[PDB]
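Peer 1: Please see the structure below; I have some questions.
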Amino acid sequence: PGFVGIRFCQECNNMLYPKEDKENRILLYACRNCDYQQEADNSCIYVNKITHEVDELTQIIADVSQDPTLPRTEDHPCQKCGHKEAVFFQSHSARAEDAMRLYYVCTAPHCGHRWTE
Amino acid sequence: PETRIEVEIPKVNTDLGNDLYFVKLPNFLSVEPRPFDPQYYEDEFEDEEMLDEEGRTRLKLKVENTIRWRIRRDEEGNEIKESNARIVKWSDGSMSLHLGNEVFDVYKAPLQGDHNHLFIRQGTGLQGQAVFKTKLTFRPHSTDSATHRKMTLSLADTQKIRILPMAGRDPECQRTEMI
Amino acid sequence: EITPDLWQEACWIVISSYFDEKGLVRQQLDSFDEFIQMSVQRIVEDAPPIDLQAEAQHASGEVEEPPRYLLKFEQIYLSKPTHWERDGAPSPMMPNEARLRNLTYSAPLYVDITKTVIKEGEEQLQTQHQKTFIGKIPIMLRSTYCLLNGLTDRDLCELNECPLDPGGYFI
Amino acid sequence: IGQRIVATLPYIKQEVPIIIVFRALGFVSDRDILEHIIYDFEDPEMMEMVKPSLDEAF
Amino acid sequence: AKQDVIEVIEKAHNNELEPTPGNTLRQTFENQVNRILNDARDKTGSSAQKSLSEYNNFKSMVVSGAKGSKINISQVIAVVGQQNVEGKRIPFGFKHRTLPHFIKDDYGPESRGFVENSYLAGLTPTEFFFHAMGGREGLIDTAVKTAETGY
Amino acid sequence: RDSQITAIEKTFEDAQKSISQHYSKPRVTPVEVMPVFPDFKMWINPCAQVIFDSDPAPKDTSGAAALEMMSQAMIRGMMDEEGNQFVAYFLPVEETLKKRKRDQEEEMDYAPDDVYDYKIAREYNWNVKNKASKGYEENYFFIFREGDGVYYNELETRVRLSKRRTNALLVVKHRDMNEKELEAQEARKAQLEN
Amino acid sequence: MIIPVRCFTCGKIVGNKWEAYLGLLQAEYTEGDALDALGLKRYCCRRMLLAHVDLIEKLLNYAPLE
Amino acid sequence: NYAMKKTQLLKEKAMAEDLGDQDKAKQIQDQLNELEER
Amino acid sequence: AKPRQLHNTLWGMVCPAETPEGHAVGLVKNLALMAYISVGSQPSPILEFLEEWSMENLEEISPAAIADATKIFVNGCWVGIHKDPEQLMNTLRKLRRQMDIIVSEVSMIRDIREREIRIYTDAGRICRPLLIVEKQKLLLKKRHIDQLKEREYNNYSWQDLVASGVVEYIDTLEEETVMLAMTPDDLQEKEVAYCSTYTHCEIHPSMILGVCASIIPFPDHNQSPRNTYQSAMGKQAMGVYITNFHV
Amino acid sequence: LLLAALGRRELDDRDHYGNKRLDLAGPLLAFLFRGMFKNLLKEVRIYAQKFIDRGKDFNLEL
Ligand SMILES: [Zn+2]
Ligand SMILES: [Zn+2]
Ligand SMILES: [Zn+2]
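Protein chains in written order, with PDB author numbering: chain F, 9 to 125; chain V, 354 to 510, 515 to 536; chain L, 16 to 186; chain R, 252 to 309; chain X, 709 to 859; chain P, 172 to 336, 345 to 373; chain C, 1 to 66; chain A, 508 to 545; chain U, 496 to 742; chain E, 372 to 433.
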């Protein structure tokens, strides 16, 4: 299925929208103002994850690794750098929050490796 | 690869002694590096305005609590240097700052957190001299004095308010000007 | 460092020092003093200077360029609490005097005003009226602008006042 | 079909679509507008969410 | 009780807990922890009851029915228990935690409001504040219902 | 005006008078009394205050020993890959420290034939502000000399260093100041009178 | 404000001992030792001096009515 | 008698309100006596 | 009900028991013993200090650069973005811990996961002083205490403690990014490390109680609503309200 | 707003004190004084207006 995102008109930088090639029966992207237009890359017009299957890793950030208010474990060495000290916390996202699943981040600078087990 | 930098520059020398203390004086205390002479004196011509009590508050602290030093020649012409401030160490390890006859507390604290260093610039470089290790913190004693009451305003250091001396018949001033 | 045995002593000694340092109404005293010291002046200059133009009488039979008067407020002054007897004779207004005489513990406010008149391109004569009297503002008790400011224990009771009063209220 | 964003501006007797507000501030292209909102264009999920407002101000 | 709660919390953290039909994992988790802590408070209270002599005066005022109940005896002698607001454990008032003294995502007993002391032992500041949070609700409801029932 | 100048003069005459009791806890006694004067030796030097965002101290030295190493460190301005200028921080080895300390025992400012070695430790972004720039705040330092007195200096220039994002060894050989360099100090020295 | 004349609970006169107690208080005596010296053993009597606050000392700060 | 405030207020007012330093000293002499005088 | 309810955010700032039980229940509150309210101060020293730091000023920065950078708000005014804000925060802390550029009231919040820096110098911010904890060890050593027991003679005080960077005023908004210990004498030892990353320690937890609430003996041994009623009843108790009551 | 809408961020709490400020005697009196002073200037305006429209001179002390 993939994931379509916003595209801006090279002419006016306004958002580009999909349009079908009524003749060749294909998908086009066109600016709603100027006739700026290009051929579409996804063949998918839209997607809506009802289950909210999500890569929590995208919203997790390594900067949290230095949060002093975060619990640390010497029990889980970093899978990347092997460092013993790692911070652990839950995925605060509605479906991830309902799942209460834990995320671990390395307490080592420039490593910041974040994983779930 | 080791980048080789060979350079010729004059050395600037500092006599750092045994102990080095960093000092930032609060707004009610100050220090003057020029030797104090009534002639060529700093143009501190504040009073001719016939100042209000906020102005006299700042003026009183500025005039009376500014630490100065001077070169004095004896009858033989030998130069004796006099300063109006001096620091005293006590048997219990405490310290105090003396500004003439008045006495102020001095508490010793080592400099935690701030990495403040003294360097001297020569051309494109800086030559290190020292890192500040301990600082001096001051607080006034002598609570019986009236000067302690007004110092509360000193933090006030666009226009700022003034205090008239409670003088004038103001009701009469109102009544008469409205005629 | 401080042992557990001395940490309890250290803890209440530190708190005692805080109560030596800051009283219980420090934020109020500070706010009123800041109101007097900064906000009141800020409010004074924050006003736009007045530009008034005389209504054309058209008495000249032509479209007149009426003379216009301009005013700008400058320096601000605040006296200490002053009580004027019925005769306007100024005397120090003590909080207890204001309390017994049902007076308002306030100090008169003065402001420097530059008056101005601008007659077209023809000469204009900007003039000034200094230390003009504005209303009287009540002072928050024990603020720096009070008369019982920094006053010692001997003085306050001599002023028939309580030395332990934190202040922070108006009369 | 839904989720248009409107700002309740002071003294404005009616709620105003925010994308118009960005053009009104002079950030006229949608790129500009999102540049002040969608700081990272790598967010398909958030980008898909502002479209109702972008349509209203298209 | 604390150990059992910790073990369940870890299983929950390990997501090993099965959601019952209709209910979710978080809902069954909340239920499990509340159940265990309630059981703990109730069991400890019961043990206190069984220990009270007939000259114990709280019990004398409970069996006469004049004033107090076995739950008050549990709270004074055995344990105060879980302190709830809106019927639920103390919420994460701060960002993902109940107090600045606890760490993020801490579902432990005292971390979520379970007062582990009895009133005779006195409450630690965290659980003291949690008991304060629990006690304020009754006063507010007391003040508004009089206005609803009179109408 | 003259009543205040006169009031100031009184403070100098009074300052030589001896002390006999503590301002509180009168039962205690005084160990040392020192007058405060500007360091007549140090004012001629173009002093700059360097403020780092975080701890620059070398990992192998702890406590009082660590500060000594940093106190004799040398810092130099560089131009990067993009041409933006930055600051390189170089630390002395123990042998450089010995040479610098040795010169104090031999009473020499520097040995004209000796060379002092410094290696770069970190790169920093730089901002230089001095008294001619608007809103500058005065920082001071006092040097305590037991049995002599207290000699102070003012920090006329403030340098703020923050971690930036060339492995360089700075080997420095010293020479005497020329007529223009002495004049460069004296132009700076002129802020001490009239 | 000023020392109570009698112990609230028992009736023992405690008004004639405050100055004596203050004399004892000049020294490093703990509040209990002064009572021991003054012979006040029942806690009903001891509570009287232990809890007293001599505010009348503050009341004297006010200007007098010649 | 209660005029210690009046004398103190008179001396305090004169010191800031009067351009001469002598007035504050003359009031200070009265002020030292004031401790006994009230 | 929320506006009357005792929110977690009130810890140490507002007394949790001292409130009127009538229609003003929960609406009318009373300050904790160590709660201080910022009188307010100008941001000007700080703004130039920020502009000279490694902050791309908002007026200067390219939108693309804002993604991996924290947004700095001063008195809520977004003024710029920073690429290594931890160094910024370290500097800002270091300054406040010396009461130099950053006056003692200012509160600087770094929202780590959110990538926001909110700096407030304005008035009305309720804050309280806290002990600083750099390691699992106190910044406050015996020399400070030895000086302070003699505070009756020498005036050693809070100014020296904060100027020395041993104590700091945390505001409720800043209290969300600090890890706070209750007592150093116990939260510096370990059995199994719970946190190992404390940033502050409570001076004394009993200071969360207010004026009327601070006369209560053994308040942790009472059901809190009773404490609330005493807190209220402490306002109706007769007594010597002032020394000049006869005047 | 989107973050909250996406659920990436929890909603703000109106009762969370981190979102609150207390108006002390300063802002309170300033809020009053601003209004009273600003309107006072209208009094001076109308008074001057009475004299200056007539081309006469307004005594500001009045
Ligand atoms: Zn286009
Ligand atoms: Zn790692
Ligand atoms: Zn008795």
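Note that CB positions come from ideal geometry on N, CA and C, so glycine has one too.
Could you name each continuous beta strand (DSSP E) segment of 3 residues or more that falls completely within the segment 557-624 of chain U, going from the start of the chain to the end?
Peer 2: Correct list: 565-569, 572-577, 602-606, 611-615.
Peer 1: Could you please go through the chain and list the residues whose beta-carbon is closer than 6 Å to any non-hydrogen atom of ligand 2?
Peer 2: F:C86, F:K88, F:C89, F:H91, F:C114, F:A116, F:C119, F:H121
Peer 1: So which residues on chain E does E534 of chain V lean against when the C-beta distance must stay under 9 Å?
Peer 2: Here residue 534 of chain V corresponds to residue number 177 of the second sequence, with the count starting at 1. Chain E residues near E534 of chain V: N430, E432, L433.
Peer 1: Return helix, strand or coil for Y21 of chain C, following the three-state DSSP convention.
Peer 2: By one-based count along the seventh sequence, residue 21 of chain C stands at place 21. It is helical.
Peer 1: Does the segment 710-730 of chain X come close enough to the segment 290-304 of chain R that 3 or more CB-CB pairs lie under 8 Å?
Peer 2: At 8 Å Cβ cutoff, the stretches do not touch.
Peer 1: Three or more beta-carbon pairs under 8 Å between the segment 369-388 of chain V and the segment 303-313 of chain P, yes or no?
Peer 2: yes
Peer 1: Please say whether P19 of chain L and residue 493 of chain U have beta carbons closer to each other than 8 Å?
Peer 2: Because chain U in this structure spans residues 496 to 742, residue 493 of chain U falls outside the shown range and cannot be described.
Peer 1: If you follow the beta strand (DSSP E) that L36 of chain F is part of, which residue opens it and which one closes it?
Peer 2: Taking the first residue of the first sequence as 1, we reach residue 36 of chain F at position 28. 34-39 is the extent of the beta strand (DSSP E) around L36 of chain F.
Peer 1: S32 of chain L by DSSP, collapsed to three states: which one?
Peer 2: Along the third sequence, one-based indexing puts residue 32 of chain L at 17. Helix at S32 of chain L.
Peer 1: Since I149 of chain L sits in a beta bridge, which residues does DSSP pair it with?
Peer 2: Along the third sequence, one-based indexing puts residue 149 of chain L at 134. Answer is L:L124, bridged to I149 of chain L.
Peer 1: Provide the residue(s) that pair with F822 of chain X in DSSP beta bridges, ordered along the chain.
Peer 2: Here residue 822 of chain X refers to the residue found at position 114 when the fifth sequence is read from its first residue. Note: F822 of chain X sits in a beta bridge opposite X:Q790.
Peer 1: Which residues, in order along the segment 400-421 of chain E, keep a beta-carbon less than 9 Å from a beta-carbon of chain L?
Peer 2: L400, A401, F404, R405, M407, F408, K409, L411, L412, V415, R416, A419, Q420
Peer 1: For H721 of chain X and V601 of chain U, what's the separation of their Cα atoms in angstroms?
Peer 2: Taking the first residue of the fifth sequence as 1, we reach residue 721 of chain X at position 13. Taking the first residue of the ninth sequence as 1, we reach residue 601 of chain U at position 106. The straight-line gap from Cα to Cα measures roughly 38 Å.
Peer 1: By Cβ distance below 6 Å, which residues in the same chain neighbour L50 of chain C in space, the five residues on each side in sequence not counted?
Peer 2: Working through the seventh sequence from its first residue, we reach residue 50 of chain C at position 50. Closer than 6 Å at Cβ, skipping near neighbours: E31.
Peer 1: Kindly identify the DSSP beta-bridge partner or partners of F47 of chain L.
Peer 2: Residue numbering aside, residue 47 of chain L sits at position 32 when the third sequence is read from its first letter. BP columns for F47 of chain L are empty, so no partner.
Peer 1: Taking the straight line between their C-alpha atoms, what separation do you get for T142 of chain L and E372 of chain P?
Peer 2: As a working mapping, residue 142 of chain L is identified with position 127 in the third sequence. As a working mapping, residue 372 of chain P is identified with position 193 in the sixth sequence. If I take the Cα positions, the gap works out to 42 Å.
Peer 1: To which residues does DSSP link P107 of chain L through a beta bridge?
Peer 2: Position 92 of the third sequence, counting from 1, holds the residue named residue 107 of chain L. BP columns for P107 of chain L point to L:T97.
Peer 1: Tell me the rounded alpha-carbon separation between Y43 of chain C and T496 of chain V.
Peer 2: Taking the seventh sequence and counting its residues from 1, one reaches residue 43 of chain C at position 43. Taking the second sequence and counting its residues from 1, one reaches residue 496 of chain V at position 143. Roughly 42 Å between the two C-alpha positions.
Peer 1: Using a C-beta cutoff of 8 Å, does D372 of chain V count as contacting chain U?
Peer 2: Position 19 of the second sequence, counted from the first residue, corresponds to residue 372 of chain V. Chain U, which has no Cβ nearer than 8 Å to the Cβ of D372 of chain V, makes this no.
Peer 1: Under a CB-based cut-off of 8 Å, is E286 of chain R close to chain U?
Peer 2: Residue 286 of chain R sits at position 35 when you count from the first residue of the fourth sequence. Answer yes: the Cβ-Cβ gap between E286 of chain R and chain U drops below 8 Å somewhere.
Peer 1: Anything in the segment 95-110 of chain L with a Cβ closer than 8 Å to a Cβ of chain U? List those residues in chain order, please.
Peer 2: none
Peer 1: Applying a beta-carbon distance threshold of less than 8 Å, which residues of chain L neighbour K512 of chain A?
Peer 2: To locate residue 512 of chain A, count along the eighth sequence from 1; it is residue 5. Near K512 of chain A (Cβ distances below 8 Å), the residues of chain L are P107, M109, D170, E173, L174.
Peer 1: Quick check: the segment 380-393 of chain V against the segment 423-433 of chain V, are there 3 or more CB pairs under 8 Å?
Peer 2: yes
Peer 1: Taking the beta carbon of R620 of chain U as the centre, do at least 16 other beta carbons fall within 10 Å, making it buried, or is it exposed?
Peer 2: As a first step, residue 620 of chain U is located in the ninth sequence; it is residue number 125 there, counting from the start. By the 10 Å Cβ count, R620 of chain U comes out buried.
Peer 1: Between which residues of its own chain and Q67 of chain F is the CB-CB distance below 7 Å, once the five residues before and five after are set aside?
Peer 2: In the first sequence, the residue the question calls residue 67 of chain F occupies position 59. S101.
Peer 1: Just to confirm before moving on: does the CB-CB distance between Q582 of chain U and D224 of chain P stay below 8 Å?
Peer 2: Looking up residue 582 of chain U in the ninth sequence gives position 87. Looking up residue 224 of chain P in the sixth sequence gives position 53. Judged by beta-carbon spacing, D224 of chain P lies within the 8 Å limit of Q582 of chain U, meaning their Cβ atoms are closer than that value.
Peer 1: Report yes or no: is there a C-beta of chain X within less than 8 Å of the C-beta of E516 of chain U?
Peer 2: Translated into positions along the ninth sequence, residue 516 of chain U becomes position 21. Yes, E516 of chain U lies at the interface with chain X (some Cβ there is under 8 Å from its Cβ).
Peer 1: Alpha carbons only, please: which of C:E66, C:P64, C:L55 is nearest the one belonging to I737 of chain U?
Peer 2: Position 242 of the ninth sequence, counting from 1, holds the residue named residue 737 of chain U. The residue with the shortest Cα to Cα distance from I737 of chain U is C:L55.
Peer 1: If contact is defined by three or more beta carbon pairs under 8 Å, each pair taking one atom from either stretch, is the segment 510-519 of chain U in contact with the segment 26-37 of chain L?
Peer 2: Look at the beta carbons and you see the segment 26-37 of chain L not touching the segment 510-519 of chain U: under three pairs across the two are nearer than 8 Å.
Peer 1: What is the rounded straight-line gap between the Cα of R273 of chain P and the Cα of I358 of chain V?
Peer 2: Taking the sixth sequence and counting its residues from 1, the one referred to as residue 273 of chain P is at position 102. Taking the second sequence and counting its residues from 1, the one referred to as residue 358 of chain V is at position 5. Going by the C-alpha atoms only, they are around 24 Å apart.
Peer 1: Quick one: grab the DSSP three-state call for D528 of chain A.
Peer 2: By one-based count along the eighth sequence, residue 528 of chain A stands at place 21. If DSSP states are grouped into helix, strand and coil, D528 of chain A belongs with the helices.
Peer 1: If contacts are defined as beta-carbon pairs under 8 Å, then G660 of chain U and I627 of chain U qualify, I think. What distance do you get, rounded to the angstrom?
Peer 2: As a working note, residue 660 of chain U is residue 165 in the ninth sequence. As a working note, residue 627 of chain U is residue 132 in the ninth sequence. Contact flag correct, Cβ pair sits at about 7 Å.
Peer 1: Output needed for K88 of chain F: all residues of its chain with C-beta closer than 7 Å, excluding positions within five of it in sequence on either side, in chain order.
Peer 2: Start at 1 with the first residue of the first sequence, and residue 88 of chain F comes out as number 80. Closer than 7 Å at the Cβ level, and outside the excluded window around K88 of chain F, lie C114, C119, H121.
Peer 1: Grab me the residues of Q791 of chain X's own chain with a C-beta within less than 7 Å of its C-beta, minus the 5 sequence neighbours each way, in chain order.
Peer 2: In the fifth sequence, residue 791 of chain X corresponds to position 83, counting from 1. Excluding sequence neighbours, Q791 of chain X sits near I798, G821, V823, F838, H839, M841, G842.
Peer 1: Helix, strand or coil: how does DSSP classify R749 of chain X here?
Peer 2: Working through the fifth sequence from its first residue, we reach residue 749 of chain X at position 41. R749 of chain X falls in the helix class under three-state DSSP.
Peer 1: Using 10 angstroms around the beta-carbon of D405 of chain V, count the other beta-carbons present and answer buried if the total reaches 16, otherwise exposed.
Peer 2: Position 52 of the second sequence, counted from the first residue, corresponds to residue 405 of chain V. Around the Cβ of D405 of chain V, a 10 Å sphere holds 16 or more other Cβ atoms; the residue is buried.
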